[PDB]
Each structure stands twice: as C-alpha cells, then as structure tokens.
Amino acid sequence: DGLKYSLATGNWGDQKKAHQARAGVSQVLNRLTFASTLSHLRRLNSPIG
Amino acid sequence: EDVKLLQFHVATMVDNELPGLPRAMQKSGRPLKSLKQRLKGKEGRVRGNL
DNA sequence: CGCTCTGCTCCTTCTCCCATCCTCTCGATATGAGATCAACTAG
RNA sequence: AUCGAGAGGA
DNA sequence: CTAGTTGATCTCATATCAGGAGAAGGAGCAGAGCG
C-alpha cells in the first residue's frame with residue numbers, strides 16, 4: 001500500500017504526512033499523441049517551487 | 001490537562017494556523033478548515049463570494 | 001552622586017501578502033428494559 | 001458530493 | 001373522579017536552500033536631571 005499510494009497519488013512520502021510530502025512525482029501518462037507520451041517519459045522537474 | 005485540551009480545541013476551531021501550536025487534523029493528516037480560513041482571503045468568504 | 005526617567009537605536013517576533021478567469025483527470029474520503037410523563041381511554 | 005493533487009487554456 | 005393502555009424520551013447496561021516587509025516588544029546603553 002505504501003508503494004501503491006505513492007505511485008497513485010504522486011505524493012512522495014507517507015499517506016499521513018501528505019501535506020509535508022512533495023507532490024507532482026508520478027504523474028498520469030499523457031496519451032494525446034505519441035510525441036506527448038515520449039516527451040512525458042523524458043521529463044525533468046526542478047523542485048524549486 | 002483537560003482545560004488545556006479544551007482551550008486548544010476552541011482555539012483551533014476559530015483559528016487553525018497559529019504559529020508554534022499543533023494543527024487540528026481530520027484524518028490522514030488533513031488539517032481542519034477553521035472559521036478564520038473560511039473568510040481569510042482569495043477564495044475566502046468576502047473576496048470569493050461577496 | 002545615587003537613582004530614576006525616559007529615550008534611542010537595534011535585534012527579535014510575528015503576522016501578513018504573494019493576477020484574473022476557464023477546462024480536464026485522478027485519488028481519497030446497536031438493542032432492549034425500566035422509569036417518567038403526557039395523553040388518552042375508557043370505568 | 002467534498003477535499004486535495006496534477007496537467008492544461010487565454 | 002379515576003385507574004388502565006399508548007407513545008415519546010432518557011438512562012443505563014451488556015466486550016473486547018533561492019521571501020520579504022513592516023510593525024510591535026524588550027534590551028541594553030547613554031545621558032540628563034534632581035534628590
């Protein structure tokens with residue numbers, strides 16, 4: 001359930017400390033077109049805010 | 001101790017963003033929405049609904 | 001000359017704020033017995 | 001339905 | 001008058017880092033001023 005929750009919601013951390021956890025990890029794969037999918041699989045994020 | 005707990009509950013009912021104090025929590029760590037937060041600012045009662 | 005009365009700057013705390021509007025998806029979120037009373041429900 | 005999150009549009 | 005039946009209601013009991021800005025308080029020092 002820990003792995004399932006983190007991958008399902010994108011909150012990297014325990015379900016109880018969801019406010020503390022960083023969000024936006026583990027997004028839903030974009031399937032509008034093939035290029036969209038490829039770009040989504042090669043995406044980088046700066047957690048700056 | 002029970003007086004302290006009652007004071008905490010009342011205060012967090014009115015204001016749940018007090019610096020230093022613990023946050024009143026619903027479940028799964030979700031903090032309660034206090035009366036002050038209903039009116040505070042953007043999307044609040046005044047700016048958001050009047 | 002001791003003692004007080006400000007008062008002056010300064011560091012600390014703390015509290016506040018951070019464009020508008022719109023669309024979508026996705027995950028999580030008991031039961032009865034006894035007592036009291038009051039309305040009957042009749043004698 | 002509510003809350004949050006995310007992705008988007010101008 | 002006057003007891004018996006009918007509903008509602010309450011109690012009680014049973015387990016197991018890459019913010020910032022400004023205003024208010026307190027602190028310590030410095031001196032002035034008068035007993």
# chains A, B, ... in the order shown; residues from 1 in each chain; ligands from 1

call {"tool": "residues_around", "arguments": {"residues": "residue E:20", "least_positions_apart": "4", "cutoff": "12 Å", "atoms": "only C-alpha atoms (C1' of nucleotides)", "output": "PyMOL selection string"}}
result
chain C and resi 16-18

call {"tool": "write_last_selection", "arguments": {"atoms": "N, CA, C and O atoms (P, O5', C5', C4', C3', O3' and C1' of nucleotides)", "output": "PDB file, in the first residue's frame"}}
result
ATOM      1  P    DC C  16      -2.226  37.098  10.441  1.00  0.00           P
ATOM      2  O5'  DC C  16      -2.054  37.846   9.041  1.00  0.00           O
ATOM      3  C5'  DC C  16      -2.135  39.261   8.969  1.00  0.00           C
ATOM      4  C4'  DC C  16      -1.487  39.751   7.692  1.00  0.00           C
ATOM      5  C3'  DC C  16      -1.795  38.895   6.478  1.00  0.00           C
ATOM      6  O3'  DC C  16      -2.885  39.448   5.773  1.00  0.00           O
ATOM      7  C1'  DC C  16       0.551  39.446   6.605  1.00  0.00           C
ATOM      8  P    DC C  17      -3.592  38.608   4.608  1.00  0.00           P
ATOM      9  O5'  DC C  17      -2.630  38.816   3.354  1.00  0.00           O
ATOM     10  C5'  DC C  17      -2.316  40.117   2.901  1.00  0.00           C
ATOM     11  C4'  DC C  17      -1.344  40.054   1.740  1.00  0.00           C
ATOM     12  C3'  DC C  17      -1.567  38.891   0.794  1.00  0.00           C
ATOM     13  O3'  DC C  17      -2.403  39.305  -0.263  1.00  0.00           O
ATOM     14  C1'  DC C  17       0.752  39.069   1.395  1.00  0.00           C
ATOM     15  P    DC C  18      -2.948  38.240  -1.326  1.00  0.00           P
ATOM     16  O5'  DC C  18      -1.668  37.883  -2.199  1.00  0.00           O
ATOM     17  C5'  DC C  18      -1.032  38.875  -2.979  1.00  0.00           C
ATOM     18  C4'  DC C  18       0.223  38.320  -3.606  1.00  0.00           C
ATOM     19  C3'  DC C  18       0.037  36.991  -4.306  1.00  0.00           C
ATOM     20  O3'  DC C  18      -0.319  37.213  -5.664  1.00  0.00           O
ATOM     21  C1'  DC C  18       2.021  36.988  -2.944  1.00  0.00           C
TER      22       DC C  18
END

call {"tool": "select_by_dssp", "arguments": {"residues": "chain B", "states": "helix (DSSP H, G or I)", "output": "VMD selection string"}}
result
chain B and resid 2 to 14 35 to 39 45 to 49

call {"tool": "residues_around", "arguments": {"residues": "stretch 30-43 of chain B", "least_positions_apart": "5", "cutoff": "6 Å", "atoms": "only C-alpha atoms (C1' of nucleotides)", "output": "MDAnalysis selection string"}}
result
chainID B and resid 13:16 24:25 48

call {"tool": "closest_residue", "arguments": {"among": "A:38, A:17, A:11, A:48", "to": "chain D", "atoms": "only C-alpha atoms (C1' of nucleotides)"}}
result
A:11

call {"tool": "closest_atom_pairs", "arguments": {"of": "chain A", "to": "chain B", "cutoff": "10 Å", "atoms": "only C-alpha atoms", "output": "JSON lines"}}
result
{"residue": "A:14", "atom": "CA", "partner": "B:28", "partner_atom": "CA", "distance": 9.5}
{"residue": "A:15", "atom": "CA", "partner": "B:28", "partner_atom": "CA", "distance": 6.5}
{"residue": "A:16", "atom": "CA", "partner": "B:28", "partner_atom": "CA", "distance": 4.5}
{"residue": "A:17", "atom": "CA", "partner": "B:29", "partner_atom": "CA", "distance": 6.0}
{"residue": "A:18", "atom": "CA", "partner": "B:29", "partner_atom": "CA", "distance": 6.8}
{"residue": "A:19", "atom": "CA", "partner": "B:29", "partner_atom": "CA", "distance": 7.4}
{"residue": "A:20", "atom": "CA", "partner": "B:29", "partner_atom": "CA", "distance": 9.5}

call {"tool": "closest_atom_pairs", "arguments": {"of": "chain D", "to": "chain A", "cutoff": "12 Å", "atoms": "only C-alpha atoms (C1' of nucleotides)", "output": "Markdown table"}}
result
| residue | atom | partner | partner_atom | distance |
| --- | --- | --- | --- | --- |
| D:4 | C1' | A:19 | CA | 9.5 |
| D:5 | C1' | A:23 | CA | 7.3 |
| D:6 | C1' | A:24 | CA | 6.2 |
| D:7 | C1' | A:27 | CA | 8.6 |
| D:8 | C1' | A:30 | CA | 11.3 |

call {"tool": "write_last_selection", "arguments": {"atoms": "C-alpha atoms (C1' of nucleotides)", "output": "PDB file, in the first residue's frame"}}
result
ATOM      1  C1'   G D   4      -6.663  17.689  -2.358  1.00  0.00           C
ATOM      2  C1'   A D   5      -3.400  16.975  -6.289  1.00  0.00           C
ATOM      3  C1'   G D   6      -1.806  17.243 -11.172  1.00  0.00           C
ATOM      4  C1'   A D   7      -1.982  18.617 -16.273  1.00  0.00           C
ATOM      5  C1'   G D   8      -3.599  22.265 -19.444  1.00  0.00           C
TER       6        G D   8
END

call {"tool": "interface_residues", "arguments": {"of": "chain C", "to": "chain B", "cutoff": "12 Å", "atoms": "only C-alpha atoms (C1' of nucleotides)", "output": "ChimeraX atom specification"}}
result
/C:13-20,28-29

call {"tool": "residues_around", "arguments": {"residues": "residue E:4", "least_positions_apart": "2", "cutoff": "12 Å", "atoms": "only C-alpha atoms (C1' of nucleotides)", "output": "list in words"}}
result
residues 40, 41, 42 and 43 of chain C; 2 and 6 of chain E

call {"tool": "write_last_selection", "arguments": {"atoms": "C-alpha atoms (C1' of nucleotides)", "output": "CSV table (one decimal), in the first residue's frame"}}
result
chain,number,residue,atom,x,y,z
C,40,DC,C1',-55.7,9.3,26.2
C,41,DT,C1',-59.3,5.7,27.2
C,42,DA,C1',-62.2,4.3,28.9
C,43,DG,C1',-64.6,2.6,34.2
E,2,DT,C1',-60.2,7.7,38.3
E,6,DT,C1',-50.2,4.1,24.4
